[PDB]
Each structure stands twice: as C-alpha cells, then as structure tokens.
C-alpha cells in the first residue's frame, strides 16, 4: 500500500492490499477498502462505503482477483456507496447515499449520482452528468455529457426479455429525462431532447423534441416551452441554467467558443 500522511482514516476502516490513498483524502467511519483501489487527492469517502467490491469471479473460490478501481480527485462520496473494481471515476465526482456502481464502468468528471442510484456494469457516463435519486442505469447504456436523469428513471437493455442480445440506450448531449420515465432497449434520445415525466419511451426521440406519455409521443419543440414562473423560453437549458456548470462564471456562448 501507499497511503498519504495527510489522509484522515477514521476508525473501523478496513484496508486491503494494493491500495493507494492520496493526499488529503478523508475516509469516514467503517469504510471497507478492498484490494486494488486508488483514491485520488482531496477525496472524501463516506461512512461505511465499500470500495473495490468483489466481481463475480471472486466467488468461484473466494480468492480475490485483480480488478483495479480508480476514483479521481476531490470526490464527495456519501455514505454506504458500493463501488466495484474495473471501473474508473473522474474528478469532482459527488454522490448521494447508498449508491451502487458496478464493474467495467466509466464515469467522467463533475458527475453527480444521487441517493439509491444503481449503475450497472459496462456503463458509460460522460462529464457534467446529473443522475438524481434512485435511477437505474442498465448495462450498455451510454450517457453523454450534460445529460440529466431525474428521480426513478430506468434505462433498459433487453428488447424481448429474457434474451441474449442486449441493446443499450444512448442519451446524447444535454438531453433531459424527467422523473419516473422508462426508456426501452436500444433507443436513442437525441441532443437537447426532453422526455416528460413518467413517460414510456418506445422509439428514438429526435433532437430538441419533447415527448410525453405511455407510449411517449412527440408533443412539440423543446423551444416552445416557457418557464412556469417567469414565462421565459427555457430550452436549450444551457442558456437558462448554469448552476454547477462549467460556464457558471461566464455564459455558454463565451465558454463554448473557448472549448
């Protein structure tokens, strides 16, 4: 192991082998840090979380194989998060409570995953992605930058279950999936699209389009939407909302010029 003198490791913490904990990481009461886990500088790991959780192969003979987990700098991981090995999480990651993240998954920077969320294996999550409470993200899902998944959203992948050939969902830049929506396997949700709350999305959703219902149906251009309090046009949301975004201190247009 390699643990920094500035790291704060509370009691009850259990540490395995081939563990690297950088500078100013704080590991709260009772976490279990299994083998092959690397936590980058400045991170906070919440009470009782279990990092580098066992992949299936461990159970064959109870011998833990090597499946490195890396968590980027300055994470703010809340209590009891369970994160599998063979996964990579970028910088400035934040979570709510009791989140579960599987193996062979990649999560970008400045991503937020809320309480109870369940990220399966072989998932791709980009940067500045916001996944709220109890969202189910099935294997093979691809979530592009700036997408928002509201509470209780479920992204599926078996088109005619149970079957052998899975098709993951792809959610393109800035699309928002409102709460309690379920997306069917292999569907493409296009850029700046809006899936209304509770929808059952059975077909691809075209860019800048709003769909609602079971089955979801297109009701209009996202541009038609007016803020309910101020009467202003809302979407694309990048010009009306910037809390926690990279253009927070400027404006989208200037920011995107620079990138």
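Positions refer to the first chain, counted from 1.
Student: So which stretch wins on mean C-alpha B-factor, 231-239 or 247-255?
Tutor: Averaged over C-alpha atoms, the B-factors run higher in 247-255.
Student: Can you tell me which stretch has the higher mean Cα B-factor, 84-92 or 134-142?
Tutor: Higher mean C-alpha B-factor: 84-92.
Student: Per the PDB entry, which option out of 48, 62, 65, 223 has the greatest Cα B factor?
Tutor: Of the options given, 65 has the highest CA B-factor in the PDB entry.
Student: Please pick out which of 74, 115, 181, 163 has the largest Cα B-factor as recorded in the entry.
Tutor: Checking the PDB record, the top C-alpha B-factor among 74, 115, 181, 163 is at 74.
Student: Using the B-factor values recorded in the entry, state whether the Cα atom of residue 211 falls in the lowest, middle or highest third among the modelled residues of its chain.
Tutor: Its C-alpha B-factor, which the entry lists for residue 211, ranks in the lowest third among residues of this chain.
Student: C-alpha B factor of residue 28, ranked within the chain: lowest, middle or highest third?
Tutor: Highest third, going by the recorded CA B-factors of the chain.
Student: Thinking about Cα B factors across the chain, which third does residue 194 belong to?
Tutor: Its C-alpha B-factor belongs to the lowest third of this chain's values.
Student: Quick check for you: using the entry's CA B-factors within this chain, is residue 205 in the lowest, middle or highest third?
Tutor: CA B-factor rank for residue 205: lowest third.
Student: C-alpha B factor of residue 110, ranked within the chain: lowest, middle or highest third?
Tutor: Middle third, going by the recorded CA B-factors of the chain.
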